[PDB]
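Q: Below are the structure tokens for one structure; questions will follow.
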Amino acid sequence: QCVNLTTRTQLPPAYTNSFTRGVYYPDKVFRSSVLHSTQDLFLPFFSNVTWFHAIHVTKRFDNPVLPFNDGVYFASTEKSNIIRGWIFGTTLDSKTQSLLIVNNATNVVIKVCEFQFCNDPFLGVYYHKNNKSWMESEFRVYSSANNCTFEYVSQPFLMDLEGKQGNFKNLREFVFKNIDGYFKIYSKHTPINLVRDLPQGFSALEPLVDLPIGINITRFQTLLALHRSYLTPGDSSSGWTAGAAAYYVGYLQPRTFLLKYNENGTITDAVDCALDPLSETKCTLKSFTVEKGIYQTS
Amino acid sequence: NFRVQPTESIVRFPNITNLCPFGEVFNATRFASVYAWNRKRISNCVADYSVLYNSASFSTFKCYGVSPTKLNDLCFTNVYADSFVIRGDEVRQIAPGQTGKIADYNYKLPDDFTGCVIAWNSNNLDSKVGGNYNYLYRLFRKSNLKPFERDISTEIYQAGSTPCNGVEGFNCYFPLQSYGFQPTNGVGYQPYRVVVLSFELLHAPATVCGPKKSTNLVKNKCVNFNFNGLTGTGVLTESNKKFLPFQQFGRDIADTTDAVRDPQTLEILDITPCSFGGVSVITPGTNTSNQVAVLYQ
Amino acid sequence: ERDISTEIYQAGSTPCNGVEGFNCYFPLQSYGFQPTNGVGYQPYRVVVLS
């Protein structure tokens with residue numbers, strides 16, 4: 001069904017900086033001690049991206065429909081799994097084949113049907129009193145479905161449905177790219193331990209799967225979730241909670257990057273060729289130990 | 001030059017072949033009429049039309065357009081399977097470029113149809129004695145039915161202009177009559193399960209194409225091989241190092257391709273040709289010696 | 001070169017070549033030139049001088 005929410009007070013998003021993020025394998029070919037320069041959609045280093053928040057401690061629940069660009073680096077630091085799935089499409093009104101990749105606790109359902117999306121869809125998790133458990137009951141994702149073009153049921157993945165107010169423990173790195181109608185997903189999980197900003201660790205994302213859905217993706221929206229409790233009536237108005245989750249939304253840009261491979265085929269360093277004047281010289285000379293002597297740029 | 005030509009050419013693209021559910025629609029319980037055919041989407045599987053042509057179980061396997069052995073190599077996008085029961089003489093009407101009654105008012109087919117029409121004899125699947133009061137068909141219509149369009153309208157055909165109170169009578173024929181399916185009949189009025197395959201080609205990648213034959217496993221041979229597009233000729237020797245469990249090919253320090261992973265055994269194998277140098281000759285003067293010596297580089 | 005083979009073509013199973021049978025079509029097809037057709041369906045006497 002479609003149960004809208006009451007106009008509440010939101011918080012303005014912050015602005016964080018990236019520390020070597022949005023780096024993945026540009027190809028599925030093994031390399032060792034080679035320095036090649038390819039054209040792949042990557043993320044520029046030392047960039048100011050938008051920092052969205054969703055902590056209940058107030059009533060923060062922002063989910064705008066930003067236009068989908070060429071390559072979106074979705075970095076979400078969730079300790080209790082608040083963000084369920086994501087939606088993709090153009091108009092989202094039971095008129096075009098919209099892509100729905102939801103990650104429910106029951107299973108992974110990826111259906112590309114004409115789902116009638118509401119004004120502000122979310123997920124409702126009811127808290128039972130007879131037993132200490134957290135199960136999802138409200139499925140306010142789509143009103144109804146008509147024709148379908150691709151339906152796949154993956155392996156069941158159990159998630160956490162208990163919203164807490166602690167620090168982040170797990171980092172879910174995802175990259176969504178829609179080039180030539182093909183949807184490429186880059187899933188990579190890595191445990192972290194921080195409270196703000198981005199970690200200084202290296203980015204090494206692996207490609208998940210490539211489903212040739214062949215649709216036109218224009219706008220997207222991050223589907224969040226809501227929790228219930230015995231102290232609240234449970235209505236979708238103002239008496240509920242959303243936990244605490246901070247995800248980073250970064251748009252990729254076509255920049256030439258110089259990939260470095262070791263003796264095991266694992267990328268350990270990424271030198272950009274379009275950022276700082278010092279980093280641009282190492283990309284042209286194809287080296288990393290710049291000594292004395294004058295050099296030429298362009 | 002001292003080169004060694006390859007003697008074998010192994011081709012191995014797939015690992016697990018899954019046949020499309022073709023026997024489910026053929027050996028089903030019952031279908032429907034010709035004016036209300038059931039459209040079934042068959043995709044996400046490796047098709048194999050070679051096991052049905054040599055089965056010697058169909059009554060009429062004549063397909064128009066392309067050859068029956070050439071459609072297995074052509075790749076399609078989405079194949080739609082429609083099944084309906086008609087008469088014996090109405091089988092030839094279901095063909096691209098035909099016209100009459102069934103192919104004009106019941107189920108019209110395009111002129112440039114890529115797919116063909118196959119059927120087989122059935123005398124126990126849906127035939128009974130004493131007549132048939134289940135299957136129906138369409139007779140007349142106000143306009144011609146467009147291809148790939150179902151008909152479930154039970155209206156009354158208005159031929160003339162005399163008021164008939166919406167009932168069958170004067171200038172008000174009923175284009176919904178029952179068939180006479182009987183096993184004691186001749187070539188006409190006999191139930192025939194007809195299944196038409198619609199071959200559609202679009203911009204989507206191939207996923208319903210024909211089968212992909214794979215050869216046996218062989219190593220330590222300087223023959224030609226095509227491993228997932230990589231056409232190389234060399235000795236498939238062993239490799240002590242391993243690759244990442246998500247890659248396929250592999251380069252080296254010479255910025256060339258010479259290492260491929262076996263998709264049938266997940267074993268790292270290196271490519272090493274058996275052609276090095278040419279042929280060198282040594283002649284210490286012709287007028288002083290009549291003996292030569294072949295030198296290898 | 002020149003060939004005047006008037007045998008039956010075999011496609012897949014069911015061999016022909018005299019015995020005929022199913023899936024045995026005649027390769028030699030008739031033109032069917034008629035004056036009531038169009039200009040494209042008219043016979044053209046082509047003389048090639050090599």
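Sequential numbering from 1, following the chain as shown.
Cβ coordinates come from backbone N, Cα and C, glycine included.
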Q: For the disulfide involving B:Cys75, grab the partner from B:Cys172, B:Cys209, B:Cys222 as Swiss-Prot records it.
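A: Record-based pairing for B:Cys75: B:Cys209.
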Q: With the disulphide bonds as Swiss-Prot has them, who is the partner of B:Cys116, out of B:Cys63, B:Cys164?
A: B:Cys63
Q: For the candidates B:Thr7, B:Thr99, B:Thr184, B:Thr256, I need the one that Swiss-Prot annotates as O-linked glycosylation site.
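A: Looking at Swiss-Prot, the O-linked glycosylation site feature maps to B:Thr7.
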Q: Which three-state DSSP class does B:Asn287 (N-linked glycosylation site) fall into?
A: coil
Q: Counting distance between Cα atoms, which of the glycosylation sites B:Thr7, B:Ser9, B:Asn27, B:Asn287 is nearest B:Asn15 (N-linked glycosylation site)?
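A: Of all the candidates listed, B:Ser9 is nearest in space.
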Q: Do any residues, 6 or more residues outside the region 'Disordered' (B:203-225), come within under 8 Å Cβ-to-Cβ of it, and if so which ones?
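A: Distant contacts of the region 'Disordered' (B:203-225): 4, 6-14, 17, 20, 42-50, 71-79, 231-238, 262, 264-265, 269, 273-274.
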Q: Using a Cβ-Cβ cut-off under 8 angstroms and a sequence gap of six or more, which residues of the chain neighbour B:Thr7 (O-linked glycosylation site)?
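A: Long-range Cβ contacts: B:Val223.
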Q: Return the single residue from the glycosylation sites list (B:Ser9, B:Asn15, B:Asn27, B:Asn287) that has the minimum number of other CB atoms within 10 Å.
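A: Comparing Cβ neighbours within 10 Å for the glycosylation sites B:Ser9, B:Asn15, B:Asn27, B:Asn287, B:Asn287 has the fewest.
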